[PDB]
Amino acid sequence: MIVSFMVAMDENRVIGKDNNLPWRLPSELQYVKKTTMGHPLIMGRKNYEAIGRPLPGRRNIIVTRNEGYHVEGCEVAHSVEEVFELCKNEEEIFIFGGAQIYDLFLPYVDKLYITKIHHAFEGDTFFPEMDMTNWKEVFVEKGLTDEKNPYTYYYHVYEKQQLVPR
């Protein structure tokens, strides 16, 4: 099972402002949709609510410690272990964010899908630091910038850098 972080952050790792995206890049979200199609999406409650709805064609799994938390059209999981069991037969799952949610899955991550937005926004929550010497880029592509997607941004994908033995 490939454990993948899915993330869009600015030049200071901002991933949110007052629980919402400080940017509006529909093309970027079209990319998330295309990339995650047919795979589970894993996200925290706060993250999930910051959207209002669930993405069709995707297994939405909400992670909260709240044992009474339910939402229609979604699954709820209360620990890392419960998510892995639930996703036991899946080839790839996408950790869809919450800083804390990313942190929960750090010891397990195999793949990084990182959108980097070339701008500094006002933010209050951040993509956790990561030592990238352990990682190797396998794909990059400049996003579509135009009237609907004002900012300049790049899709990046990283896999684990294999170490060559001494």
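The first residue of the shown sequence is 1; numbering continues from there. Note that the rigid core is defined as the largest set of C-alphas that superpose within 1.5 Å between two forms.
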Farther-lying stretch by C-alpha RMS in 5 other deposited structures of this protein, rigid core as reference, of 53-61 and 120-128: 120-128
Core-fitted comparison in 5 other deposited structures of this protein, 142-150 vs 12-20, farther C-alphas: 12-20
When the C-alpha temperature factors are averaged for each of 102-110 and 129-137, which stretch ends up with the higher value in the entry? 129-137
When the Cα temperature factors in the entry are averaged, is it 45-53 or 25-33 that ends up higher? 45-53
Using the B-factors in the PDB entry, rank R59's C-alpha atom against the chain and give the third, lowest, middle or highest. highest
Select lowest, middle or highest to describe the third in which the CA B-factor of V7 falls within its chain in this entry. lowest
Binned into thirds over the chain's modelled residues, the C-alpha B-factor of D18 lands in the highest
Relative to the other modelled residues in the chain, which third contains the C-alpha temperature factor of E82: lowest, middle or highest? lowest
Classify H118 as lowest, middle or highest third according to the C-alpha B-factor given in the PDB entry, relative to its own chain. highest
